[PDB]
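Q: The amino acid sequence is not available; the structure is as follows:
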């Protein structure tokens, strides 16, 4: 029931409880609902929120860096297979020496 | 009820409690509301804010390795494909030798 018994309900209940003994509460005892502006969040909470965002960004950036290296690895695997022509080129070279 | 029940209402409520027995609040039993300057934040909590701000900067800035390292990774693979011209250069050189 706490969401249902929010903040606007709490004021006038305390008023009525007080109204039976202390009537004029809007000037010294309680603040009117029309002027209870919500408090701006503290900078400590803001930096905690921002630092948590950095924490997942590092986790996210960890994943892509942890994934990106695999692409380089597969590129390396093709490279040795690319060099297979160089060994095949040696076949031409050794028999080229033979014709002289 | 905390928003409406801030400081002036509670001070007035505690004031209203007082004059029934002890009238003299605003002079020495209590301090007048118009002279309550907010306390300057202590350096301990000032640093703690820039403490968390420092670590959350790292989380954002730790991620840029995961993207930057892959930037170099693709360049090396591009360089590997660039060196294929040198492999092709040997084909010209080998038959250039056979020309003589």
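A: Yep, it's here. Numbering: from 1, shown residues only, chains lettered A, B, ... in the order given.
Q: Would you state the helices of chain A in chain order?
A: A:8-19, A:43-99 (DSSP state H).
Q: To residue A:2, which of the ones you listed lies closest?
A: Closest to residue A:2 of those is helix A:8-19 (Cβ to Cβ; 10.6 Å). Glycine gets a C-beta too; all of them are placed from N, C-alpha and C.
Q: Report the angle between that closest one and helix B:8-21.
A: Angle, helix A:8-19 to helix B:8-21, by axes from the mean of the first three to the mean of the last three Cα atoms, to 10 degrees: 10 degrees.
Q: Outside of helix A:8-19 itself, list whatever touches it.
A: A:25, A:29-30, A:33, A:36, B:1, B:4-5 (Cβ atoms under 8 Å, 6 or more residues apart in numbering or on different chains).
Q: that older thread, now mean neighbour count too, for the helices of chain A, in JSON lines please.
A: Listed next are the helices of chain A as JSON lines, based on neighbours: other Cβ atoms under 10 Å in any protein chain shown:
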{"stretch": "helix A:8-19", "mean neighbour count": "14"}
{"stretch": "helix A:43-99", "mean neighbour count": "13"}
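Q: want to throw those into CSV with distance to residue B:93?
A: Below are the helices of chain A laid out as CSV (distance: least, Cβ to Cβ, whole Å):
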stretch, distance to residue B:93
helix A:8-19, 88
helix A:43-99, 10
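Q: could you list every residue that touches the most centrally placed residue in chain A?
A: Closest to where the C-alpha atoms of chain A average out (Cα atoms, centre = their mean) is residue A:53, at 3.6 Å. By Cβ under 8 Å, 6+ apart, the contact list for residue A:53 reads B:56, B:59-60.
Q: which one of the helices of chain A lies closest to residue B:84?
A: helix A:43-99 (6.6 Å).
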